[PDB]
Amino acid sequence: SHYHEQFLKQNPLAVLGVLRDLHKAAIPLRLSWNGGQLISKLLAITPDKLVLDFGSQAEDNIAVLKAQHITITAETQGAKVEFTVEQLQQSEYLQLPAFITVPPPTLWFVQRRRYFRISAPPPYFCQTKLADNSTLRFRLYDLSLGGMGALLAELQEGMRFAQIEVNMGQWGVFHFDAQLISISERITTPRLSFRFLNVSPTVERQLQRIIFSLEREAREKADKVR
């Protein structure tokens, strides 16, 4: 795929830095190709070698090995990483199976989020009616100045809503004009992504304050871990 060209790393040391960081942090890697996917890990990296853990499933390992053009994505703090390799070949690392490949000559280091996102806790409830007058309810997952993630029905990306209630318990209750911008999966549990519409400056300051206090509270409690 493609992202803003500012996100594309091409300097070999640039590409390598990002990869060494995935390794040192043990970030899970998601391999996908035409017809399958599997979770792996960066086991070791040199300028000439990428070594990836085998998958858990013998069938996925057989199917990666005959694939071409394999996309690898990883989710780190503050970024999404993504690159492609032409093929994986079997090897051994520390006496156990592994995939080896030449590193990609380029990689995406994707950082599109303008606003900080804080995770919701003890769960917070939300609810809205649908065009057929039933009531959709879901659990808030995370929160930013411009939107919210929710965990759970037949809906469609692009759906716009108007009066969506957010009971954040001890803090208080609010609503927003939000648009369902992404339906995905999270563990087989479905996940919604909302961007807020028509957020007045008054509400912006409210959202700022709540996000602040939740962050500060996590800080205070974790200090208390002492």
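Each residue number is its position in the shown sequence, starting from 1.
None, 1 to 3, 4 to 9, or 10 or more: how many residues of the deposited sequence lack coordinates between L152 and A153? In the record, 4 to 9 residues between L152 and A153 lack coordinates.
Please classify the unmodelled stretch of the deposited sequence between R160 and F161: none, 1 to 3, 4 to 9, or 10 or more residues. Going from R160 to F161, the model skips no residues of the deposited sequence.
Which has higher Cα B-factors on average according to the PDB entry: 95 to 103 or 74 to 82? Higher mean C-alpha B-factor in the PDB entry: 95 to 103.
Do the C-alpha atoms of 167 to 175 or of 27 to 35 have the higher average B factor in the entry? Per the PDB record, 167 to 175.
Could you place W108 in the lowest, middle or highest third of its chain by Cα temperature factor, using the values in the record? Its C-alpha B-factor, which the entry lists for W108, ranks in the lowest third among residues of this chain.
Tell me, lowest, middle or highest third: where does the Cα B factor of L192 rank within its chain? Within its chain, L192 is a middle-third residue by C-alpha B-factor, going by the deposited values.
Please place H4 in the lowest, middle or highest third of its chain according to the CA B-factor in the PDB entry. Within its chain, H4 is a lowest-third residue by C-alpha B-factor, going by the deposited values.
Per the entry's values, where does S184 land by CA temperature factor relative to the rest of its chain, in the lowest, middle or highest third? Middle third of the chain for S184's C-alpha B-factor.
Taking the chain's C-alpha temperature factors as the reference, tell me which third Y124 falls into: lowest, middle or highest. Its C-alpha B-factor, which the entry lists for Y124, ranks in the highest third among residues of this chain.
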